[PDB]
$ cat start_15.txt   # compact mmCIF, C-alpha atoms
# COMPACT_ATOMS: atom_id res chain seq x y z
CA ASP V 214 75.06 13.55 -83.01
CA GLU V 215 76.88 10.55 -84.46
CA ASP V 216 79.73 12.83 -85.58
CA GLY V 217 80.50 13.38 -81.90
CA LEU V 218 81.92 16.89 -82.21
CA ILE V 219 82.48 18.97 -79.08
CA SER V 220 83.78 22.52 -79.32
CA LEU V 221 85.96 23.70 -76.46
CA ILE V 222 87.04 27.25 -75.71
CA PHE V 223 90.46 27.60 -74.14
CA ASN V 224 91.80 30.71 -72.44
CA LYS V 225 95.09 30.15 -74.26
CA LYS V 226 96.69 31.62 -77.41
CA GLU V 227 96.47 29.49 -80.55
CA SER V 228 100.26 29.15 -80.80
CA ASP V 229 100.35 27.72 -77.28
CA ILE V 230 97.60 25.21 -78.05
CA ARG V 231 99.27 24.00 -81.25
CA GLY V 232 102.73 24.06 -79.67
CA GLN V 233 101.67 21.55 -77.02
CA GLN V 234 98.92 19.70 -78.84
CA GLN V 235 100.25 16.21 -77.94
CA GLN V 236 100.13 17.10 -74.28
CA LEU V 237 96.70 18.72 -74.51
CA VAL V 238 95.22 15.71 -76.28
CA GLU V 239 96.66 13.31 -73.70
CA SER V 240 95.34 15.42 -70.82
CA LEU V 241 91.86 15.20 -72.37
CA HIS V 242 92.37 11.45 -72.69
CA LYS V 243 93.24 11.34 -68.96
CA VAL V 244 90.08 13.32 -68.06
CA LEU V 245 88.13 10.55 -69.85
CA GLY V 246 89.79 7.88 -67.67
CA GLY V 247 92.82 7.17 -69.83
CA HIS V 248 91.77 3.72 -71.07
CA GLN V 249 93.09 2.42 -74.38
CA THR V 250 89.53 1.96 -75.62
CA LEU V 251 89.14 5.76 -75.97
CA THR V 252 91.04 8.02 -78.34
CA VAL V 253 90.74 11.82 -78.46
CA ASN V 254 90.94 13.34 -81.96
CA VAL V 255 91.32 16.99 -82.87
CA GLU V 256 88.91 18.05 -85.64
CA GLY V 257 90.07 21.67 -85.78
CA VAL V 258 91.80 24.54 -83.98
CA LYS V 259 90.75 28.16 -84.49
CA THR V 260 91.81 31.45 -82.89
CA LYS V 261 88.87 33.44 -81.48
CA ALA V 262 90.73 36.25 -79.71
CA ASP V 263 94.21 37.17 -78.48
CA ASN V 264 94.10 34.66 -75.66
CA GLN V 265 91.09 32.54 -76.73
CA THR V 266 91.23 29.40 -78.88
CA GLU V 267 88.50 27.00 -79.95
CA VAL V 268 89.44 23.35 -80.21
CA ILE V 269 86.95 20.93 -81.73
CA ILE V 270 87.31 17.30 -80.70
CA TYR V 271 85.66 13.92 -80.97
CA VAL V 272 86.34 10.64 -79.18
CA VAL V 273 86.56 7.24 -80.82
CA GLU V 274 85.55 4.29 -78.63
CA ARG V 275 86.51 0.69 -79.38
CA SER V 276 84.30 -2.29 -78.52
CA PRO V 277 85.51 -5.69 -77.23
CA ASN V 278 84.98 -7.06 -80.78
CA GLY V 279 87.44 -4.57 -82.30
CA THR V 280 84.72 -2.36 -83.79
CA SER V 281 85.19 1.40 -83.43
CA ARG V 282 82.75 4.32 -83.48
CA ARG V 283 82.55 7.90 -82.32
CA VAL V 284 81.08 8.69 -78.92
CA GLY V 285 77.84 10.57 -79.55
CA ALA V 286 78.10 14.31 -79.00
CA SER V 287 75.32 14.47 -76.39
CA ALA V 288 76.89 11.62 -74.41
CA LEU V 289 80.31 13.23 -74.53
CA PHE V 290 78.95 16.63 -73.57
CA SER V 291 77.03 15.05 -70.69
CA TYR V 292 80.31 13.61 -69.36
CA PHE V 293 82.25 16.86 -69.66
CA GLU V 294 79.54 18.95 -67.90
CA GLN V 295 79.51 16.76 -64.80
CA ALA V 296 80.80 18.98 -61.97
CA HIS V 297 83.95 16.95 -61.24
CA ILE V 298 84.86 16.66 -64.90
CA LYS V 299 84.12 20.34 -65.63
CA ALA V 300 86.48 21.33 -62.84
CA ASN V 301 89.24 19.16 -64.29
CA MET V 302 88.59 20.70 -67.71
CA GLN V 303 88.82 24.20 -66.24
CA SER V 304 92.22 23.30 -64.83
CA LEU V 305 93.36 22.70 -68.44
CA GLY V 306 92.17 26.17 -69.44
CA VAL V 307 88.74 25.22 -70.76
CA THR V 308 86.25 28.04 -70.16
CA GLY V 309 83.39 26.69 -72.23
CA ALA V 310 82.02 23.87 -74.28
CA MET V 311 79.34 23.25 -76.90
CA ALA V 312 77.81 20.28 -78.79
CA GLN V 313 76.36 20.70 -82.34
CA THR V 314 73.36 18.44 -81.95
CA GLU V 315 70.10 20.39 -81.98
CA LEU V 316 68.07 18.70 -79.26
CA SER V 317 64.46 17.73 -79.81
CA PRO V 318 61.68 19.44 -77.86
CA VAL V 319 61.17 16.26 -75.79
CA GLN V 320 64.88 16.12 -74.96
CA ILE V 321 64.83 19.77 -73.94
CA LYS V 322 61.73 19.18 -71.82
CA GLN V 323 63.48 16.27 -70.10
CA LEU V 324 66.55 18.39 -69.32
CA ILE V 325 64.40 21.13 -67.83
CA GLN V 326 62.39 18.64 -65.75
CA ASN V 327 65.62 17.04 -64.48
CA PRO V 328 68.37 19.70 -64.69
CA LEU V 329 70.77 17.54 -62.66
CA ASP W 214 41.84 15.26 -84.52
CA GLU W 215 43.35 16.82 -81.41
CA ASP W 216 40.99 14.75 -79.24
CA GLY W 217 42.89 11.67 -80.40
CA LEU W 218 40.02 9.20 -80.19
CA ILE W 219 40.37 5.77 -81.77
CA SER W 220 37.51 3.29 -81.69
CA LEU W 221 38.47 -0.37 -81.51
CA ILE W 222 36.21 -3.36 -82.06
CA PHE W 223 37.05 -6.42 -80.00
CA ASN W 224 35.74 -9.93 -80.63
CA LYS W 225 35.17 -10.25 -76.88
CA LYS W 226 32.13 -9.90 -74.60
CA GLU W 227 31.82 -6.62 -72.70
CA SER W 228 32.08 -8.34 -69.31
CA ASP W 229 35.40 -9.86 -70.36
CA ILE W 230 36.77 -6.52 -71.53
CA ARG W 231 35.77 -4.73 -68.32
CA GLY W 232 36.85 -7.65 -66.15
CA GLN W 233 40.43 -7.41 -67.43
CA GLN W 234 40.62 -3.75 -68.34
CA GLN W 235 43.96 -3.15 -66.53
CA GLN W 236 45.55 -5.92 -68.55
CA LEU W 237 43.99 -4.77 -71.82
CA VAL W 238 45.18 -1.21 -71.33
CA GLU W 239 48.72 -2.34 -70.52
CA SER W 240 48.82 -4.61 -73.58
CA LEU W 241 47.88 -1.60 -75.73
CA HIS W 242 50.63 0.36 -73.98
CA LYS W 243 53.08 -2.45 -74.88
CA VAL W 244 51.97 -2.37 -78.55
CA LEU W 245 52.93 1.33 -78.52
CA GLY W 246 56.44 0.48 -77.26
CA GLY W 247 55.77 0.59 -73.53
CA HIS W 248 57.64 3.83 -72.78
CA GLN W 249 56.64 5.93 -69.78
CA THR W 250 56.08 8.92 -72.06
CA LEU W 251 52.88 7.29 -73.43
CA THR W 252 49.71 6.55 -71.49
CA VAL W 253 46.67 4.73 -72.88
CA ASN W 254 43.30 6.05 -71.63
CA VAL W 255 39.90 4.45 -72.05
CA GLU W 256 37.25 6.95 -73.16
CA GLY W 257 34.39 4.45 -73.27
CA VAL W 258 33.35 0.81 -73.53
CA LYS W 259 30.16 -0.26 -75.31
CA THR W 260 28.64 -3.63 -76.17
CA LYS W 261 27.84 -4.02 -79.89
CA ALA W 262 26.84 -7.69 -80.02
CA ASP W 263 27.03 -10.87 -77.93
CA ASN W 264 30.75 -11.26 -78.50
CA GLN W 265 31.60 -7.78 -79.87
CA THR W 266 32.72 -4.78 -77.81
CA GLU W 267 33.80 -1.31 -78.87
CA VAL W 268 36.53 0.33 -76.81
CA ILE W 269 37.36 3.96 -77.46
CA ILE W 270 40.86 5.07 -76.47
CA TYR W 271 43.26 7.97 -76.67
CA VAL W 272 46.96 8.24 -75.88
CA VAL W 273 48.60 11.01 -73.89
CA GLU W 274 52.22 11.75 -74.79
CA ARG W 275 54.59 13.66 -72.51
CA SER W 276 57.38 15.92 -73.81
CA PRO W 277 60.88 16.28 -72.30
CA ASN W 278 59.71 19.58 -70.73
CA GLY W 279 56.92 17.86 -68.78
CA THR W 280 54.16 19.11 -71.08
CA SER W 281 51.46 16.59 -72.03
CA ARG W 282 49.06 16.37 -74.97
CA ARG W 283 46.98 13.79 -76.78
CA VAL W 284 48.43 11.99 -79.78
CA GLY W 285 46.44 13.14 -82.80
CA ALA W 286 43.87 10.63 -84.01
CA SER W 287 45.27 10.38 -87.55
CA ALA W 288 48.79 9.80 -86.23
CA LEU W 289 47.60 7.14 -83.81
CA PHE W 290 45.49 5.42 -86.46
CA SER W 291 48.45 5.48 -88.85
CA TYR W 292 50.54 3.63 -86.25
CA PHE W 293 47.89 1.00 -85.51
CA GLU W 294 47.26 0.22 -89.23
CA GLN W 295 50.90 -0.57 -89.94
CA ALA W 296 50.99 -4.28 -90.83
CA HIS W 297 53.15 -5.36 -87.88
CA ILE W 298 51.13 -3.36 -85.39
CA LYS W 299 47.77 -4.48 -86.84
CA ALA W 300 48.85 -8.09 -86.42
CA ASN W 301 49.74 -7.49 -82.78
CA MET W 302 46.38 -5.79 -82.28
CA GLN W 303 44.57 -8.74 -83.85
CA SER W 304 46.29 -11.01 -81.35
CA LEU W 305 44.56 -9.00 -78.59
CA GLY W 306 41.18 -9.59 -80.23
CA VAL W 307 40.95 -6.36 -82.21
CA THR W 308 39.02 -6.91 -85.45
CA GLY W 309 38.67 -3.30 -86.50
CA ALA W 310 39.54 0.29 -85.84
CA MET W 311 38.27 3.76 -86.72
CA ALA W 312 39.34 7.41 -86.23
CA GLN W 313 36.73 10.24 -85.98
CA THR W 314 38.62 12.86 -87.96
CA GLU W 315 36.95 13.60 -91.29
CA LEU W 316 39.88 13.88 -93.67
CA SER W 317 40.14 16.72 -96.14
CA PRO W 318 39.92 16.06 -99.88
CA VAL W 319 43.67 16.73 -100.24
CA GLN W 320 44.45 14.26 -97.45
CA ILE W 321 42.24 11.66 -99.10
CA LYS W 322 43.90 12.31 -102.46
CA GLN W 323 47.32 11.83 -100.84
CA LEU W 324 46.27 8.51 -99.29
CA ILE W 325 44.98 7.25 -102.62
CA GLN W 326 48.14 8.36 -104.45
CA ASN W 327 50.31 6.65 -101.81
CA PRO W 328 48.22 3.84 -100.25
CA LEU W 329 51.27 2.41 -98.46
CA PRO X 74 49.47 43.21 -39.45
CA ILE X 75 53.16 44.01 -38.89
CA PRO X 76 54.83 40.58 -39.17
CA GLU X 77 52.94 39.99 -42.43
CA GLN X 78 54.21 43.01 -44.36
CA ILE X 79 57.73 42.17 -43.23
CA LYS X 80 57.44 38.58 -44.42
CA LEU X 81 55.86 39.77 -47.65
CA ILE X 82 58.75 42.20 -48.22
CA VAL X 83 61.24 39.46 -47.39
CA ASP X 84 59.29 37.38 -49.91
CA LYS X 85 59.33 40.16 -52.55
CA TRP X 86 63.12 40.50 -52.46
CA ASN X 87 63.80 36.82 -53.22
CA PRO X 88 64.36 34.25 -56.03
CA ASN X 89 61.96 31.75 -54.43
CA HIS X 90 59.08 33.21 -56.45
CA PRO X 91 56.47 33.85 -53.75
CA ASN X 92 55.17 36.85 -55.71
CA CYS X 93 58.75 37.89 -56.48
CA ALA X 94 57.67 41.37 -57.69
CA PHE X 95 60.57 41.22 -60.15
CA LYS X 96 58.62 38.98 -62.49
CA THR X 97 59.26 39.67 -66.15
CA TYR X 98 59.45 37.21 -69.01
CA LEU X 99 61.83 37.46 -71.94
CA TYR X 100 61.24 35.54 -75.16
CA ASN X 101 64.15 33.41 -76.33
CA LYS X 102 63.96 32.33 -79.98
CA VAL X 103 64.08 28.58 -80.63
CA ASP X 104 63.60 26.98 -84.04
CA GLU X 105 61.20 24.09 -84.52
CA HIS X 106 60.79 21.30 -83.88
CA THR X 107 62.24 22.14 -80.46
CA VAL X 108 59.17 24.13 -79.38
CA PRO X 109 57.71 21.03 -77.65
CA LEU X 110 60.71 21.10 -75.33
CA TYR X 111 60.74 23.87 -72.70
CA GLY X 112 59.22 23.08 -70.37
CA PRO X 113 59.66 25.30 -67.29
CA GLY X 114 61.01 24.00 -63.97
CA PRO X 115 60.78 24.39 -60.19
CA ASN X 116 58.50 27.34 -59.37
CA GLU X 117 56.74 28.21 -62.63
CA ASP X 118 53.05 29.06 -62.52
CA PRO X 119 51.45 27.72 -65.72
CA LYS X 120 49.35 30.88 -65.49
CA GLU X 121 52.36 33.14 -66.04
CA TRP X 122 53.87 30.77 -68.60

$ encode --input "start_15.txt" --output "structure tokens"
Amino acid sequence: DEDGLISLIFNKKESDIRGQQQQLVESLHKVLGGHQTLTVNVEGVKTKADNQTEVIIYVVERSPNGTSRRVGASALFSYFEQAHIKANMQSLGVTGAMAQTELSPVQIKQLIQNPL
Amino acid sequence: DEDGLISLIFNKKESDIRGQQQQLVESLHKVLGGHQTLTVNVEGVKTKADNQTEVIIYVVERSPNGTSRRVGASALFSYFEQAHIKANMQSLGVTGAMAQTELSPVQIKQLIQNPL
Amino acid sequence: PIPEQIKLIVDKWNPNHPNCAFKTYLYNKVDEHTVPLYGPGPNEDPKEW
């Protein structure tokens, strides 16, 4: 979870993603609120189909004391799945998202008991 | 082991234990970390001598999916015997503890090979 | 006994689970130690589960 990796599927061709990567990364930064304490990093880009591309990201957050660390994957996924944020993501061409952390049974039970 | 029963000896009179049972149970809950996923239950209270009382407890743990079950007796005893936890227990008047599970020979051999 | 059958049929064709009559369970594989999670939700009879 500490590695903070979120996989995003885009309904865009790989060449289009790479061709405008600066813009894509900044738009993701804007979705996060645009503060200078958050930085979006691209871990990888992979074609999945003619017009489907997976983009793996993480977000580095800086503390008031200058320390930096990655936003945990579960925390970042939780933000992106919020209805308002998901809609903004869909406007960028995102059609899905996944975190790598395998949740514990108690975490899963909590999510089922409180799906919202 | 699934019944999760731990017997505790207190250096307190029975009337004192019963008279402040709410407080005693919450202090045990605090020793366990105080989370709302753990609940201390009193199975029985028995006088053993003028200023000695046995209190039998178990702990119910709730999973993220809303399921509940008792903490196994061996697991609970293992927690309470840890040096830091034992000291906290002694501050509540606990002078001894016992689990009912009869360990297997292989379990006993493991404990002797790794007493810590 | 007319407005009962009707309500029961309206109940059958519905996701509210008052004897939904379309009740089948499918087993989704999940590796340990995530078994303790899940954990049904709104209208799950522990009987069926």

$ closest_atom_pairs --input "start_15.txt" --of "chain X" --to "chain V" --cutoff "12 Å" --atoms "all atoms listed in the file" --output "CSV"
residue,atom,partner,partner_atom,distance
X:103,CA,V:318,CA,9.8
X:104,CA,V:315,CA,9.5
X:105,CA,V:318,CA,8.1
X:106,CA,V:318,CA,6.4
X:107,CA,V:318,CA,3.8
X:108,CA,V:318,CA,5.5
X:109,CA,V:318,CA,4.3
X:110,CA,V:318,CA,3.2
X:111,CA,V:322,CA,4.9
X:112,CA,V:322,CA,4.9
X:113,CA,V:325,CA,6.3
X:114,CA,V:326,CA,5.8
X:115,CA,V:326,CA,8.2
X:116,CA,V:326,CA,11.5
X:117,CA,V:326,CA,11.5

$ write_last_selection --input "start_15.txt" --atoms "C-alpha atoms" --output "compact mmCIF listing (two decimals), in the frame of the given file"
# COMPACT_ATOMS: atom_id res chain seq x y z
CA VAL X 103 64.08 28.58 -80.63
CA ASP X 104 63.60 26.98 -84.04
CA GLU X 105 61.20 24.09 -84.52
CA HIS X 106 60.79 21.30 -83.88
CA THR X 107 62.24 22.14 -80.46
CA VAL X 108 59.17 24.13 -79.38
CA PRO X 109 57.71 21.03 -77.65
CA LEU X 110 60.71 21.10 -75.33
CA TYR X 111 60.74 23.87 -72.70
CA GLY X 112 59.22 23.08 -70.37
CA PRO X 113 59.66 25.30 -67.29
CA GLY X 114 61.01 24.00 -63.97
CA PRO X 115 60.78 24.39 -60.19
CA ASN X 116 58.50 27.34 -59.37
CA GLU X 117 56.74 28.21 -62.63

$ interface_residues --input "start_15.txt" --of "chain W" --to "chain V" --cutoff "7 Å" --atoms "only C-alpha atoms" --output "ChimeraX atom specification"
/W:276-279

$ atom_distance --input "start_15.txt" --atom1 "CA of residue 273 (chain V)" --atom2 "CA of residue 229 (chain V)"
24.9 Å

$ closest_residue --input "start_15.txt" --among "W:280, W:286, W:291, W:226" --to "residue 261 (chain W)" --atoms "all atoms listed in the file"
W:226

$ residues_around --input "start_15.txt" --residues "region 94-98 of chain X" --least-positions-apart "2" --cutoff "10 Å" --atoms "all atoms listed in the file" --output "ChimeraX atom specification"
/X:82,84-88,90-92,100-101,121-122

$ residues_around --input "start_15.txt" --residues "residue 218 (chain V)" --least-positions-apart "5" --cutoff "12 Å" --atoms "all atoms listed in the file" --output "PyMOL selection string"
chain V and resi 253-257+268-273+283-290+310-314

$ atom_distance --input "start_15.txt" --atom1 "CA of residue 282 (chain W)" --atom2 "CA of residue 214 (chain W)"
12.0 Å

$ atom_distance --input "start_15.txt" --atom1 "CA of residue 274 (chain V)" --atom2 "CA of residue 243 (chain V)"
14.2 Å

$ residues_around --input "start_15.txt" --residues "region 293-302 of chain W" --least-positions-apart "5" --cutoff "8 Å" --atoms "all atoms listed in the file" --output "list in words"
residues 241, 244 and 307 of chain W

$ axis_aligned_box --input "start_15.txt" --around "region 238-245 of chain W" --padding-each-side "3 Å" --output "lines of an AutoDock Vina configuration file"
center_x = 49.1
center_y = -1.6
center_z = -74.5
size_x = 13.9
size_y = 11.9
size_z = 14.0
